[PDB]
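This is entry15.cif. It holds mmCIF, C-alpha atoms and all ligand atoms.
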```cif
data_coords
loop_
_atom_site.label_atom_id
_atom_site.label_comp_id
_atom_site.auth_asym_id
_atom_site.auth_seq_id
_atom_site.Cartn_x
_atom_site.Cartn_y
_atom_site.Cartn_z
CA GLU W 4 -93.22 12.85 -1.44
CA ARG W 5 -91.38 9.92 0.16
CA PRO W 6 -93.04 6.53 -0.55
CA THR W 7 -93.96 4.00 2.13
CA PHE W 8 -91.04 1.66 2.82
CA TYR W 9 -91.17 -1.82 4.29
CA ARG W 10 -88.42 -3.57 6.19
CA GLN W 11 -87.47 -7.23 5.94
CA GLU W 12 -84.34 -9.27 6.58
CA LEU W 13 -82.68 -11.29 3.80
CA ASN W 14 -79.43 -13.29 3.47
CA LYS W 15 -77.83 -11.83 6.68
CA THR W 16 -78.71 -8.29 5.59
CA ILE W 17 -81.49 -5.75 6.19
CA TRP W 18 -83.62 -4.38 3.29
CA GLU W 19 -85.86 -1.28 3.48
CA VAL W 20 -87.45 -0.53 0.10
CA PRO W 21 -90.53 1.27 -1.25
CA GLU W 22 -93.68 -0.95 -1.32
CA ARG W 23 -93.44 -0.42 -5.09
CA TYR W 24 -90.88 -3.31 -5.05
CA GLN W 25 -92.35 -6.68 -4.09
CA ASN W 26 -91.19 -10.28 -3.69
CA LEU W 27 -87.52 -9.51 -3.05
CA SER W 28 -85.38 -12.59 -3.62
CA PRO W 29 -81.60 -12.70 -3.28
CA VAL W 30 -79.41 -13.42 -6.29
CA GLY W 31 -75.98 -13.13 -4.64
CA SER W 32 -73.19 -10.66 -3.80
CA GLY W 36 -72.74 -5.30 -2.39
CA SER W 37 -75.73 -7.66 -2.52
CA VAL W 38 -78.68 -8.01 -4.91
CA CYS W 39 -82.33 -9.09 -4.83
CA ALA W 40 -84.61 -9.81 -7.76
CA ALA W 41 -87.92 -7.97 -7.34
CA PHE W 42 -91.19 -7.09 -9.04
CA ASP W 43 -91.64 -3.42 -9.81
CA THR W 44 -95.41 -3.23 -9.18
CA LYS W 45 -95.46 0.20 -10.78
CA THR W 46 -93.97 -0.65 -14.19
CA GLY W 47 -94.49 -4.40 -14.38
CA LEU W 48 -90.74 -5.10 -14.80
CA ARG W 49 -88.63 -7.71 -13.02
CA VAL W 50 -85.82 -5.67 -11.36
CA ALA W 51 -82.49 -6.16 -9.67
CA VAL W 52 -82.20 -4.11 -6.47
CA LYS W 53 -78.54 -3.69 -5.49
CA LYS W 54 -77.88 -2.68 -1.86
CA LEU W 55 -74.50 -0.96 -1.75
CA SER W 56 -72.04 -2.45 0.69
CA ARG W 57 -70.91 0.01 3.41
CA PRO W 58 -71.03 2.90 0.93
CA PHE W 59 -69.50 5.54 3.25
CA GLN W 60 -66.97 3.26 5.01
CA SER W 61 -63.97 5.17 3.79
CA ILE W 62 -63.09 7.87 1.26
CA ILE W 63 -62.50 5.16 -1.35
CA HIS W 64 -65.98 3.64 -0.74
CA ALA W 65 -67.65 7.08 -0.48
CA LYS W 66 -66.07 8.25 -3.74
CA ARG W 67 -66.92 4.94 -5.49
CA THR W 68 -70.55 5.16 -4.36
CA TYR W 69 -70.74 8.75 -5.71
CA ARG W 70 -69.02 7.79 -8.98
CA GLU W 71 -71.26 4.82 -9.67
CA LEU W 72 -74.45 6.80 -8.92
CA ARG W 73 -73.35 9.78 -11.05
CA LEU W 74 -72.35 7.51 -13.94
CA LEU W 75 -75.41 5.28 -13.99
CA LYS W 76 -77.69 8.37 -13.87
CA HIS W 77 -75.95 9.60 -17.01
CA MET W 78 -75.97 6.35 -19.04
CA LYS W 79 -78.90 6.35 -21.54
CA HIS W 80 -78.35 3.79 -24.24
CA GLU W 81 -79.74 0.43 -25.30
CA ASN W 82 -76.46 -1.42 -24.86
CA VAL W 83 -75.35 0.07 -21.52
CA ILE W 84 -76.86 -0.64 -18.11
CA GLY W 85 -79.29 2.10 -17.05
CA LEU W 86 -80.76 3.27 -13.75
CA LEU W 87 -84.50 2.64 -13.23
CA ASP W 88 -84.41 4.00 -9.67
CA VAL W 89 -82.23 4.94 -6.76
CA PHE W 90 -83.49 5.29 -3.24
CA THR W 91 -82.62 5.52 0.41
CA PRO W 92 -84.97 4.81 3.35
CA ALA W 93 -83.44 7.87 5.07
CA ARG W 94 -85.64 10.95 5.20
CA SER W 95 -82.72 13.35 5.84
CA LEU W 96 -78.95 13.62 5.26
CA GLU W 97 -78.41 13.07 8.98
CA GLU W 98 -79.93 9.58 8.83
CA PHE W 99 -78.46 8.83 5.35
CA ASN W 100 -76.43 5.65 5.41
CA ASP W 101 -77.84 3.35 2.72
CA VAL W 102 -78.02 3.51 -1.08
CA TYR W 103 -80.10 1.17 -3.25
CA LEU W 104 -79.77 1.13 -7.02
CA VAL W 105 -82.41 -0.45 -9.26
CA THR W 106 -81.89 -1.77 -12.74
CA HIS W 107 -83.45 -4.27 -15.18
CA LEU W 108 -83.00 -7.82 -13.93
CA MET W 109 -80.53 -9.74 -15.96
CA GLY W 110 -80.71 -13.42 -16.77
CA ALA W 111 -77.26 -14.47 -17.91
CA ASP W 112 -73.87 -13.06 -18.70
CA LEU W 113 -71.82 -13.82 -21.82
CA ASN W 114 -69.70 -16.27 -19.83
CA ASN W 115 -72.84 -18.45 -19.37
CA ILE W 116 -73.52 -18.42 -23.15
CA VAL W 117 -69.92 -19.37 -24.16
CA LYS W 118 -69.38 -21.67 -21.15
CA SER W 119 -72.59 -23.52 -22.12
CA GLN W 120 -71.82 -23.36 -25.89
CA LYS W 121 -69.47 -22.13 -28.59
CA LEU W 122 -71.36 -19.61 -30.72
CA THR W 123 -72.24 -19.41 -34.39
CA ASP W 124 -70.74 -16.61 -36.49
CA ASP W 125 -74.23 -15.10 -36.96
CA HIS W 126 -74.65 -14.91 -33.14
CA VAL W 127 -71.12 -13.47 -32.63
CA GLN W 128 -71.81 -10.75 -35.22
CA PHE W 129 -74.81 -9.59 -33.27
CA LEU W 130 -73.27 -9.74 -29.84
CA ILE W 131 -69.96 -8.06 -30.85
CA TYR W 132 -72.00 -5.44 -32.81
CA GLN W 133 -73.90 -4.54 -29.69
CA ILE W 134 -70.82 -4.39 -27.42
CA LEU W 135 -69.25 -1.95 -29.95
CA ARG W 136 -72.38 0.14 -30.20
CA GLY W 137 -72.53 0.55 -26.38
CA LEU W 138 -68.80 1.32 -26.37
CA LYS W 139 -69.04 3.97 -29.08
CA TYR W 140 -71.51 5.68 -26.66
CA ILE W 141 -69.45 5.20 -23.49
CA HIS W 142 -66.24 6.27 -25.28
CA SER W 143 -67.89 9.40 -26.75
CA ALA W 144 -68.44 10.56 -23.16
CA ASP W 145 -64.66 10.17 -22.58
CA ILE W 146 -65.30 7.20 -20.30
CA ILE W 147 -63.09 4.12 -20.58
CA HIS W 148 -64.59 0.90 -19.18
CA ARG W 149 -61.18 -0.79 -18.42
CA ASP W 150 -62.69 -4.07 -17.16
CA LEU W 151 -64.54 -5.51 -20.13
CA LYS W 152 -64.84 -9.31 -19.86
CA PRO W 153 -67.67 -11.82 -20.45
CA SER W 154 -69.11 -11.48 -16.96
CA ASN W 155 -69.49 -7.72 -17.38
CA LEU W 156 -71.86 -8.31 -20.34
CA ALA W 157 -75.54 -9.12 -19.69
CA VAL W 158 -77.31 -11.02 -22.51
CA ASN W 159 -81.09 -11.82 -22.38
CA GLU W 160 -83.12 -14.51 -24.13
CA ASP W 161 -83.47 -12.21 -27.13
CA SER W 162 -79.61 -11.93 -27.33
CA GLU W 163 -79.89 -8.26 -26.41
CA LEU W 164 -76.75 -7.12 -24.70
CA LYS W 165 -75.88 -4.51 -22.10
CA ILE W 166 -72.45 -3.46 -20.88
CA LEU W 167 -72.20 -3.22 -17.12
CA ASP W 168 -69.42 -3.24 -14.45
CA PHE W 169 -70.08 -5.85 -11.73
CA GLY W 170 -67.27 -4.27 -9.82
CA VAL W 183 -61.97 -15.97 -14.78
CA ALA W 184 -59.22 -13.38 -14.43
CA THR W 185 -59.59 -9.77 -15.53
CA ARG W 186 -56.03 -10.04 -16.79
CA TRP W 187 -57.04 -12.38 -19.63
CA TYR W 188 -58.98 -9.54 -21.40
CA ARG W 189 -56.61 -6.68 -20.43
CA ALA W 190 -54.67 -4.70 -23.04
CA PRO W 191 -50.87 -5.31 -22.93
CA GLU W 192 -50.22 -1.67 -21.98
CA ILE W 193 -52.02 -2.33 -18.67
CA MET W 194 -49.88 -5.43 -18.09
CA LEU W 195 -46.99 -2.98 -18.65
CA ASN W 196 -48.32 -0.52 -16.05
CA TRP W 197 -48.56 2.33 -18.63
CA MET W 198 -49.65 5.49 -16.74
CA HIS W 199 -51.79 6.70 -19.61
CA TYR W 200 -53.79 4.58 -22.09
CA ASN W 201 -56.55 5.45 -24.56
CA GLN W 202 -60.15 4.29 -25.10
CA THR W 203 -58.82 1.40 -27.27
CA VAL W 204 -57.84 -0.61 -24.18
CA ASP W 205 -61.53 -1.57 -24.36
CA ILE W 206 -61.22 -2.58 -28.03
CA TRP W 207 -58.41 -5.01 -27.05
CA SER W 208 -60.83 -6.60 -24.54
CA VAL W 209 -63.60 -6.87 -27.21
CA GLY W 210 -60.97 -8.58 -29.41
CA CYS W 211 -60.27 -11.13 -26.64
CA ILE W 212 -64.03 -11.64 -26.02
CA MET W 213 -64.84 -12.06 -29.72
CA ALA W 214 -61.97 -14.59 -30.13
CA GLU W 215 -63.30 -16.68 -27.19
CA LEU W 216 -66.87 -16.58 -28.53
CA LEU W 217 -65.65 -17.83 -31.94
CA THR W 218 -63.31 -20.62 -30.63
CA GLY W 219 -64.79 -21.50 -27.20
CA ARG W 220 -61.34 -20.94 -25.61
CA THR W 221 -59.74 -18.09 -23.66
CA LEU W 222 -57.43 -16.46 -26.09
CA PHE W 223 -54.73 -15.45 -23.59
CA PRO W 224 -55.19 -17.36 -20.34
CA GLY W 225 -52.14 -15.87 -18.56
CA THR W 226 -51.23 -17.07 -15.05
CA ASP W 227 -49.76 -13.68 -14.15
CA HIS W 228 -48.89 -10.40 -15.80
CA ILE W 229 -45.55 -11.50 -17.26
CA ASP W 230 -47.03 -14.76 -18.55
CA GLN W 231 -49.88 -12.62 -19.86
CA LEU W 232 -47.54 -10.54 -21.97
CA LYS W 233 -45.73 -13.77 -23.11
CA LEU W 234 -48.92 -15.29 -24.47
CA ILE W 235 -49.89 -12.02 -26.14
CA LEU W 236 -46.53 -11.38 -27.85
CA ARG W 237 -46.64 -15.00 -29.03
CA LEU W 238 -49.62 -14.06 -31.26
CA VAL W 239 -49.08 -10.40 -32.13
CA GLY W 240 -45.25 -10.52 -32.22
CA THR W 241 -42.72 -8.48 -30.23
CA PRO W 242 -42.88 -4.64 -30.75
CA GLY W 243 -41.38 -3.03 -33.88
CA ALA W 244 -38.85 -0.21 -33.93
CA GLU W 245 -41.78 2.15 -34.58
CA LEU W 246 -43.48 0.93 -31.42
CA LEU W 247 -40.27 0.84 -29.34
CA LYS W 248 -39.90 4.60 -30.00
CA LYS W 249 -43.24 5.18 -28.23
CA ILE W 250 -42.24 3.57 -24.90
CA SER W 251 -41.70 6.32 -22.26
CA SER W 252 -40.51 3.99 -19.47
CA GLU W 253 -36.77 3.38 -19.47
CA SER W 254 -37.35 0.15 -17.51
CA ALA W 255 -40.19 -1.11 -19.79
CA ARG W 256 -38.12 -0.12 -22.84
CA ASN W 257 -35.15 -2.18 -21.65
CA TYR W 258 -37.36 -5.24 -21.00
CA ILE W 259 -38.80 -5.16 -24.53
CA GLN W 260 -35.39 -4.81 -26.20
CA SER W 261 -34.14 -7.74 -24.04
CA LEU W 262 -36.71 -10.12 -25.59
CA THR W 263 -36.00 -12.69 -28.25
CA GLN W 264 -37.98 -11.35 -31.23
CA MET W 265 -41.17 -13.26 -32.03
CA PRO W 266 -42.87 -12.69 -35.39
CA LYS W 267 -46.48 -11.62 -35.79
CA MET W 268 -48.66 -14.66 -36.42
CA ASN W 269 -51.09 -14.91 -39.33
CA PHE W 270 -54.46 -14.84 -37.54
CA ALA W 271 -55.96 -16.97 -40.36
CA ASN W 272 -53.49 -19.71 -39.36
CA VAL W 273 -54.73 -19.49 -35.75
CA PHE W 274 -58.49 -18.99 -36.04
CA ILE W 275 -58.85 -22.03 -38.29
CA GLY W 276 -62.38 -22.24 -39.73
CA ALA W 277 -63.64 -18.82 -38.66
CA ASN W 278 -65.17 -16.34 -41.09
CA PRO W 279 -62.31 -14.41 -42.77
CA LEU W 280 -64.04 -11.06 -42.03
CA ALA W 281 -64.19 -12.00 -38.32
CA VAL W 282 -60.45 -12.79 -38.59
CA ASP W 283 -59.75 -9.44 -40.32
CA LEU W 284 -61.61 -7.55 -37.63
CA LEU W 285 -59.58 -9.40 -34.97
CA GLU W 286 -56.41 -8.39 -36.76
CA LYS W 287 -57.53 -4.73 -36.46
CA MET W 288 -58.42 -5.04 -32.73
CA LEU W 289 -55.48 -7.07 -31.42
CA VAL W 290 -52.80 -4.64 -32.54
CA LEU W 291 -50.13 -3.94 -29.94
CA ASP W 292 -49.79 -0.28 -30.81
CA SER W 293 -52.98 1.24 -29.44
CA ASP W 294 -52.61 4.27 -31.76
CA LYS W 295 -53.17 1.77 -34.57
CA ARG W 296 -56.04 -0.22 -32.93
CA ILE W 297 -59.43 0.22 -34.54
CA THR W 298 -61.84 2.52 -32.55
CA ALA W 299 -65.43 1.43 -31.63
CA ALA W 300 -66.97 3.83 -34.17
CA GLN W 301 -64.59 2.61 -36.99
CA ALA W 302 -65.23 -1.01 -35.96
CA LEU W 303 -68.99 -0.61 -36.42
CA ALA W 304 -68.35 0.19 -40.10
CA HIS W 305 -66.24 -2.95 -40.71
CA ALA W 306 -67.79 -5.31 -43.35
CA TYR W 307 -68.29 -7.91 -40.63
CA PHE W 308 -71.21 -5.92 -39.25
CA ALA W 309 -72.76 -5.16 -42.71
CA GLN W 310 -76.20 -6.59 -41.72
CA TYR W 311 -76.45 -4.51 -38.51
CA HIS W 312 -74.52 -1.27 -39.00
CA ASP W 313 -76.69 1.86 -39.17
CA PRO W 314 -74.86 5.19 -38.97
CA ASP W 315 -78.25 6.82 -38.11
CA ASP W 316 -78.80 4.57 -35.09
CA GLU W 317 -75.39 4.45 -33.29
CA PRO W 318 -75.74 7.51 -31.00
CA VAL W 319 -73.16 9.32 -28.91
CA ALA W 320 -73.45 10.45 -25.33
CA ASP W 321 -73.73 13.84 -23.79
CA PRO W 322 -70.38 15.03 -22.34
CA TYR W 323 -69.54 13.72 -18.86
CA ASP W 324 -67.46 15.65 -16.27
CA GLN W 325 -65.03 13.29 -14.54
CA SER W 326 -63.40 15.99 -12.40
CA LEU W 327 -66.27 15.91 -9.87
CA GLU W 328 -65.64 12.31 -8.73
CA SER W 329 -61.89 12.95 -8.61
CA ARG W 330 -61.75 15.73 -5.96
CA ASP W 331 -60.14 15.32 -2.51
CA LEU W 332 -63.04 15.65 -0.07
CA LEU W 333 -64.10 14.52 3.38
CA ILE W 334 -66.30 11.44 3.84
CA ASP W 335 -69.14 13.67 5.10
CA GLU W 336 -68.80 15.74 1.91
CA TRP W 337 -69.01 12.77 -0.55
CA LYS W 338 -71.99 11.65 1.51
CA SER W 339 -73.80 14.97 1.11
CA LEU W 340 -72.96 14.98 -2.60
CA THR W 341 -74.35 11.41 -3.00
CA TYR W 342 -77.54 12.36 -1.10
CA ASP W 343 -78.09 15.27 -3.51
CA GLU W 344 -77.70 12.84 -6.46
CA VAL W 345 -80.33 10.55 -4.90
CA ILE W 346 -82.76 13.45 -4.36
CA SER W 347 -82.36 14.85 -7.85
CA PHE W 348 -82.91 11.52 -9.61
CA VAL W 349 -85.50 11.76 -12.38
CA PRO W 350 -86.86 8.31 -13.33
CA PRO W 351 -86.98 7.08 -16.92
CA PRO W 352 -90.24 7.16 -18.96
CA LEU W 353 -91.88 3.68 -18.94
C1 LIG P 401 -68.64 -0.46 -8.97
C2 LIG P 401 -68.78 0.62 -10.01
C3 LIG P 401 -68.29 1.90 -9.72
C4 LIG P 401 -68.41 2.90 -10.68
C5 LIG P 401 -69.07 2.62 -11.89
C6 LIG P 401 -69.58 1.35 -12.18
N1 LIG P 401 -70.15 1.16 -13.40
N2 LIG P 401 -69.66 1.57 -14.48
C7 LIG P 401 -70.48 1.22 -15.51
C8 LIG P 401 -70.23 1.56 -17.01
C9 LIG P 401 -71.19 2.72 -17.38
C10 LIG P 401 -68.80 2.06 -17.25
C11 LIG P 401 -70.52 0.38 -17.97
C12 LIG P 401 -71.54 0.56 -14.98
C13 LIG P 401 -71.33 0.54 -13.62
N3 LIG P 401 -72.10 -0.04 -12.63
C14 LIG P 401 -72.87 -1.18 -12.73
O1 LIG P 401 -72.95 -1.82 -13.77
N4 LIG P 401 -73.61 -1.55 -11.66
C15 LIG P 401 -74.31 -2.69 -11.45
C16 LIG P 401 -75.43 -2.77 -10.64
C17 LIG P 401 -76.02 -4.04 -10.37
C18 LIG P 401 -75.52 -5.23 -10.90
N5 LIG P 401 -76.10 -6.45 -10.62
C19 LIG P 401 -77.11 -7.01 -11.30
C20 LIG P 401 -77.85 -6.29 -12.25
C21 LIG P 401 -78.89 -6.89 -12.96
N6 LIG P 401 -79.22 -8.15 -12.73
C22 LIG P 401 -78.53 -8.88 -11.82
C23 LIG P 401 -78.92 -10.20 -11.61
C24 LIG P 401 -78.24 -10.98 -10.68
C25 LIG P 401 -77.18 -10.46 -9.94
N7 LIG P 401 -76.55 -11.24 -9.04
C26 LIG P 401 -76.78 -9.13 -10.13
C27 LIG P 401 -77.46 -8.34 -11.08
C28 LIG P 401 -74.36 -5.16 -11.70
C29 LIG P 401 -73.77 -3.89 -11.94
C30 LIG P 401 -69.42 0.33 -11.23
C1 LIG P 402 -45.28 -5.22 -25.17
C2 LIG P 402 -46.48 -4.27 -25.02
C3 LIG P 402 -46.31 -3.02 -25.86
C4 LIG P 402 -47.29 -1.94 -25.41
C5 LIG P 402 -47.80 -1.11 -26.60
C6 LIG P 402 -49.20 -0.53 -26.32
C7 LIG P 402 -49.54 0.73 -27.16
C8 LIG P 402 -48.45 1.79 -27.13
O1 LIG P 402 -48.79 2.92 -27.97
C9 LIG P 402 -49.10 4.02 -27.07
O2 LIG P 402 -50.20 3.68 -26.17
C10 LIG P 402 -50.21 4.64 -25.08
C11 LIG P 402 -51.32 4.25 -24.16
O3 LIG P 402 -52.55 4.66 -24.75
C12 LIG P 402 -50.35 6.15 -25.47
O4 LIG P 402 -49.75 6.97 -24.45
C13 LIG P 402 -49.79 6.53 -26.86
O5 LIG P 402 -50.75 7.38 -27.52
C14 LIG P 402 -49.47 5.33 -27.80
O6 LIG P 402 -48.42 5.70 -28.68
#
```
Mind converting the file's structure to structure tokens?
Amino acid sequence: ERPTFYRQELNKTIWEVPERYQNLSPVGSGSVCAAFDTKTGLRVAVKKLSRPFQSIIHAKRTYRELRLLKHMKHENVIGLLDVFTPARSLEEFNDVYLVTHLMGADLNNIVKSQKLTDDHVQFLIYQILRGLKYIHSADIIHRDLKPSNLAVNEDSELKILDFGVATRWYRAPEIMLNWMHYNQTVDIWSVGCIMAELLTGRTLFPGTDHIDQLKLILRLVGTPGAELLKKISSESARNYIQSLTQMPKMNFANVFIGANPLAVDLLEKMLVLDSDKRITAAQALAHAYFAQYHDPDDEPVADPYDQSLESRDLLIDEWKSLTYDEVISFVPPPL
């Protein structure tokens, strides 16, 4: 039975939440308050979705995020503690609030404050890969992995999230090249870029645009081979590649001066241009670099996820009814 809600106005924005959530305090831009979950004891983030049914793009996005977060159940992936609306019927349904564990800092804050030890990088990259094995096993590709999409607490425990520094800096070259298809290993490229930055304290590929971005990448990994050229479906992309002055692959050891050679070797297996040859998250977890963490009995996979549902062509009112149903059917986690 519906809980008692209380209204209050914060940061230019209304908030109507169950009395279960106390001491709401804004933490920025939808928009988010920190709160105390009186029921469970936990500090929470309550995210109020921004104009969730504004358009078919917003309505679909709202549905997709709710559906996904409800399905994510893993230590290294953001999970849903609660989802609510102050509306007591579909007819008055306009607002969606998502609740998750409050997060202190993102990886940016840790590397922008420091440069990390190899021990610390092992543990953080291990966890990103473990969460990705899970996400990937559900046939979900993150596509926007970057330090700010990684929450890290005081215990160095890490969770992958998607909050929505350029995204381009962490993006696999095939995305720069507007490839229509791409596999799960686009996310491995990003982990490669993140791990590099954590080990050196510098953005590996700080491109100013997409062409510059490819320039900086090819400078390290070398221009495509004849085996890779054969795999390019775009006549226009294919021409551009063949028009380049060949650059050789660099020796990563000669670039990541001082880093652990196993870290370097792992980077060599992640930052491969041919994505068919890039290491997968599950193979990565078994690399010698993660020897002290890797446990094949404790790196679980996800239940299968149906992406067709969020991809349909429906009316705003229909996405809205579908989102309402997802709110109503929420089953909370065990505390
Ligand atoms: C926008 C969108 C649409 C569809 C899916 C996602 N998405 N996808 C994922 C995975 C499963 C692929 C990794 C996760 C999400 N969504 C997501 O992470 N949502 C989310 C909710 C709240 C937050 N905000 C905060 C969460 C926790 N603490 C915070 C502290 C301060 C602050 N300013 C914000 C937060 C960040 C992300 C995101
Ligand atoms: C200069 C940049 C070269 C781009 C090479 C990226 C990897 C190309 O390799 C291809 O990746 C595609 C996307 O997943 C897939 O369709 C193919 O399975 C794969 O052969």
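The nearest approach to ligand LIG 401 (chain P) among the residues W:10, W:45, W:148, W:76, with all atoms listed in the file taken into account, belongs to W:148.
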**Item:** Near-ligand residues for ligand LIG 401 (chain P), threshold 8 Å, only C-alpha atoms and all ligand atoms, as a count of residues only
**Value:** 41
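In this comparison, which uses only C-alpha atoms, the residue of W:151, W:213, W:259, W:204 approaching residue 295 (chain W) most closely is W:204.
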Report as AutoDock Vina command-line options the centre and the edge lengths, in Å to one decimal, of the axis-aligned box holding every listed atom of ligand LIG 402 (chain P), padded by 5 Å on each side.
```
--center_x -48.9 --center_y 1.1 --center_z -26.4 --size_x 17.3 --size_y 22.6 --size_z 14.5
```
**Request:** Give as a ChimeraX atom specification the residues surrounding ligand LIG 402 (chain P) up to a distance of 9 Å, considering all atoms listed in the file.
**Result:** /W:190-195,197-204,232-233,235-236,240-242,246-251,255,258-259,290-296
